[PDB]
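K.L.:
Encoded as structure tokens, here's the structure I'll be asking about.
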Ligand SMILES: Nc1ncnc2c1ncn2[C@@H]1O[C@H](COP(=O)(O)OP(=O)(O)O)[C@@H](O)[C@H]1O
Ligand SMILES: Nc1ncnc2c1ncn2[C@@H]1O[C@H](COP(=O)(O)OP(=O)(O)O)[C@@H](O)[C@H]1O
Ligand SMILES: Nc1ncnc2c1ncn2[C@@H]1O[C@H](COP(=O)(O)OP(=O)(O)O)[C@@H](O)[C@H]1O
Ligand SMILES: [Mg+2]
Ligand SMILES: [Mg+2]
Ligand SMILES: [Mg+2]
């Protein structure tokens, strides 16, 4: 390169670092130790837009720029030390480094796939996970060997391209014709596997150096801004030489459009007079290959909504998710719902159940529950799930954490997953002889499931004809209106409402408390659904219903909806009556039904002081 | 073997052993002695050599030093592929696997193939070294394609279509040794062709399988072990497996039997005797896919099968005065998946036994049940199985049948009187699966005659056959 | 990592891989050339070298010959130990094992450590070779010690001792989330501290264990899975293991769970599901030692554990009209070793549920049963668990309680009326273990208040907690 170019580049970086990076260098100067290591973080877009010439000089030879910036940082530190007013609690350090970040979003610099052979000497950005990890080891850099046959000492260095080997020199750079270890560094070796979510992918062997050692973990998402170079091997006569692709790291990250919003507020601002029309439209687009079955489709959305985790200070943490289980005669559509819900959720694992061994349901290696962190694992054929395995999940289903010390290793892992289940009612189902009798599951397990919906096929002469016409005429989506919704829109909708944190209110909790106190003993209090875990779920479902309607303040409507749904969930013994889930259709007008439901609920449980306020609010809208 | 050395030829096969990538160098540069003028010797096929002479202007050569950093060095990709050659012909009884030859992709290729294809490869044939004058054979690829019937095959299939009674000729030629059992052979013929696949609502699809499943149950000695051998023989891809030498690890993926029977039939014998693998194929046959058997850690593979099973009652001979449920040892889950479960009986008649004895000694020297029976005094010469094999392949990839408005009414009416009648009586519960099965079987009787319609007679012919495991039999 | 090269530092850790002993030479001699004058070149750190020059009187050197028999050569011992660092701080959720640094002992040391210790090592840091410019890090020992609280720790523990009601502030601080269940928390607090170990008759001893064992049995949903988590958290050394993924080789030495939880808590959850490993712990918790599991060929190792277990009745909910033995599915051998077995019931009250619901919705926004409760209207701010963790350590190795004459009379009296009433009534037989357990627990109620006595109310506080699994509950 030209002599003036590097000088101008160094001037640019030193000016930028002196203008925008005084606090960090001041902090770095005021530290103990003399010569260990100290990095500096510098953004790229700002200095790229400050001068147009630096970018062209940078993104063609990404080797000299780092050294020039290191020299600029050194001279800046020297200048600051010279112009210092408190030279007592300060120390001068000879080891500085550079770390650039904030690369543009150009398609050819944010490539997700590993380059084949075309990117050598190009600055790239890759993302992926971690598989293997080596040990901390120390290299030798430079020797300063004894001077032979001459006087001036030699400062020969090592070469990276030859696996850190040393070549014996014989031609001295001496002016005349006469021609004849307290240094340490750091090292590591890591393997990166490309993610499958955004895609079998191959592996990238990344090499770390200096401070980057002991800064990565197995099983985390990484983003490295490194250079791509080639590593050779010693040559053998009359064979095929071997090469490899590596990635020298220069920076690391531990990371783990207004149009979509504007569309969402347009949608939930148009539906202002009628708030339940939006909810009806949301529920209709779920699994639109099935006719009817309002309650189950609402329950699936409520379960998939989620909740918030609330951990106490010292040791304890409570559950913040929900679980669902369905029972019914074969041929009702249980598998369709699981298949459809296995796709909307970003991360989901589909398993057979009885065909899955103990290596998946628990830890062995990662199984199924641990592998589905922050996701949803679907469970099928729960009738005979290998009773040992069927009972060895009580710990991880309620405490969200496994605690195993098999073979004297003492390993602890985290698992937070919503479980969906569907099993056949072995034996001819009866209206009486509650689920604990027909399916014969233990009471401790038949308490952690929030909603248990029962499906029964009975004698009717209308639903059969409607479903026969639906199947035969091939009338996909009988509502020919072009509202629908695409699957990507639903995925974005359910991936965006997970960020809101609703807060409880006073017109709310009183209703749930009175309902729980009333239900704790009416005349039979069932046998297993009247424990303390009932109220712990009545809040998690009422809160989840509030995150599907774009708000963060629970009101009377959410409480009424959740109470009605959960009361309908409890088959047989109840306080209003049981309604079959399958024989339910979308109401033509939801406002009148909501008003009737509120008037029916708020009379026998004495909260009449709220009914007047609610009717006044409903009238004035 | 020997002669085809350095001669351009062409091949055809599949891919099973796609490997990783690793670069290689072909024109890496060398250092120069004395003066400058470096050079870029064309090193051949990745074998290190030395420039014993250098052209240069003048003087001596040598200059034996490597300079593997200059931009003069050029690199390119590499790959390795193994090809297994198809069944083709020469059906020798020996269990010798077909020979395999390796392939090498040079540049701008790679990631153009996936495990399992049908590819045509043309390239030069060279000889490797150091697998010591002991070498092997491998081919350097030059062009790759991706994805055929002869003219005579077409002429034959049009003449076969030209027959006046195509259904009789194909139902009475599957197995001519066995006498009688018209309806079971008709059901097997219907199963061989198959139905259509529905991709409705492309954005989410959730596809539904389009093939039937038939189980045969009856007394021993009726001959229900050769109607299946012939059916397995006449198929583009088939496999026959017993019910005692296989386990859960055998039928499913560990490449199981179901995977090998993709787009074909995987008929299983001695079905009743299984007692531990019953709950291992419900997911596979219904989900139309199978996942990994190691803790269920994704890695799913397609498995399209048309499983055909034959079994005997639990107590040997089946007595006539009991209930049907206890004589099969099957739950309500696995008994409803199958479309047709034929029940056969052995009764001591007079005329039928006489005719059967006459046939079995001579070999060693209107409802849809009589129009198919052969009245003696005519020639019903069967089509060779070799020609019938080439017919199914043409049928299954050039015609996609669909239902018509007229035919759907009959199926709907049948379903309506079936449900309202059997919802009170005691029998297997009738779900919505039977409505889909009737559609699938009506679609099935449209690929045998090479048509794309649904006539009223088409739907009427799937009513009489259905009344052989349903109501027409439970009594 | 890099900077500390050849710099004197100090360490602290545990020893786990004591190795064998093999000698090495440092002052080996060499032969001389021409004339005599054998020399004793200083060979450095066991690396063979050659004396290219010999001082001698005059003339050439060479003399490259070994003479490894003269008494000039000396030999010295050697060893190799690895050290793993303690938990210390930085409680990251990541499961990375602490870094291990090797150690080397030179002379006059060796046989100074055994597997399992707390040692401080000071020595120079050096770099090895030939694990090729690739090396590792190891430390040459210079001095060894064997086996501390800061002054602020003494001040803090003194201030906590200065509390006016020390019992309440520790019984209502183990887990503040759970409402109610005061007696079980008191029992857990008593078990956490422990008692005294009796070495009576030192010449033969036969030591008797000096720690209790607690079991909790009750209906599901009462919260008996977090009071144990909190108890395990506040301990100098604690391990928590489920009862499902562990086998006989897991709990016992195959390094089992019990040996790892030496001098601490090894709480086990889901105790009822175990049906095969029951008979593998009676010896372990009774004899206070465990031998080898390979044919029992000696090789014993200490294991002091304070097992805490929580279990579920066999029939889910526990019915109120049955016998106690059938609702537990436990014999008379594994039911008598435990000192206390709390039985909890779930009944639908009107005030308790009203208060509990208010507490659980607010969190998301005289006999020894009333003096421990907290009435509304005052602050009971708990001690942070970090400070309480360092209090048990001081209370465990600086105070040894001893029974007094006055307190023994009450225990003897209680045992006397217990025996004459268990003679006739039906219950678990009252063996001689009850008196020893009462002595152990009365000793326990002398270590929480940091005292060495046994006064009357100390012994009276143990007759009321005892009446919650005994007679006070059998009805
Ligand atoms: N409302 C409906 N509309 C269309 N098809 C349906 C409907 N209900 C059920 N089905 C059919 O029933 C099948 C569902 O079977 P399913 O009951 O999930 O099996 P399993 O009992 O093994 O879970 C689907 O293939 C679907 O075609
Ligand atoms: N209709 C028939 N014509 C000629 N042979 C028959 C007929 N039915 C049965 N067989 C004879 O019975 C044998 C088949 O026995 P099979 O009934 O398949 O045994 P399994 O009941 O164990 O399957 C064949 O060898 C065949 O010769
Ligand atoms: N007194 C209480 N106060 C607050 N939460 C409670 C109380 N009792 C039980 N819980 C709730 O019950 C859960 C504990 O369940 P638990 O009864 O330990 O299950 P198991 O019976 O299987 O051990 C906790 O998450 C907690 O939130
Ligand atoms: Mg299913
Ligand atoms: Mg057979
Ligand atoms: Mg527990």
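Along the chain as shown, residues are numbered 1 onward.
Method of determination (from the header): electron microscopy, 4.3 Å.
Cβ coordinates are placed from backbone N, Cα and C, and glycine is handled just like the others.
As annotated by Swiss-Prot, ATP binding site applies to A:328, A:329, A:330, A:331, A:332, A:333, A:334, A:335, with the evidence given as sequence analysis.
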K.L.:
So for residue A:330 (ATP binding site), how many other CB atoms are inside 10 Å of its CB?
P.N.:
17
K.L.:
If we take A:328, A:333, A:334 as the binding-site residues, which have a Cβ under 8 Å from chain B?
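P.N.:
Listed binding-site residues passing the 8 Å Cβ cut to B: none.
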K.L.:
Just to be sure I understand the packing, how many Cβ atoms besides its own are within 10 Å of the Cβ of residue A:335 (ATP binding site)?
P.N.:
16
K.L.:
Which of A:328, A:331, A:333 has the fewest nearby Cβ atoms, counting only those within 10 Å, among these binding-site residues?
P.N.:
A:331
K.L.:
Taking the Cβ of residue A:329 (ATP binding site) as centre, how many other Cβ atoms lie within 10 Å?
P.N.:
17
K.L.:
I'd like to verify something. Among the binding-site residues A:328, A:329, A:330, A:331, A:332, A:335, which ones have a C-beta closer than 6 angstroms to some atom of ligand 4?
P.N.:
A:335
K.L.:
Taking only same-chain residues 6+ apart in sequence, whose CB is under 8 Å from that of residue A:332 (ATP binding site), what do you get?
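P.N.:
Sequence-distant Cβ neighbours: A:455, A:457, A:582.
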K.L.:
With every protein chain in view, what's the tally of Cβ atoms within 10 Å of the Cβ of residue A:334 (ATP binding site), excluding that atom itself?
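P.N.:
Summing over all protein chains shown, residue A:334 (ATP binding site) has 21 other Cβ atoms within 10 Å.
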K.L.:
Does any of A:329, A:330, A:333, A:334, A:335 have a Cβ within less than 6 Å of an atom of ligand 1? These are the binding-site residues; tell me which, or none.
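P.N.:
Cβ < 6 Å from ligand 1, in sequence order: A:330, A:333, A:334, A:335.
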K.L.:
Could you tell me which three-state DSSP class residue A:335 (ATP binding site) falls into?
P.N.:
helix
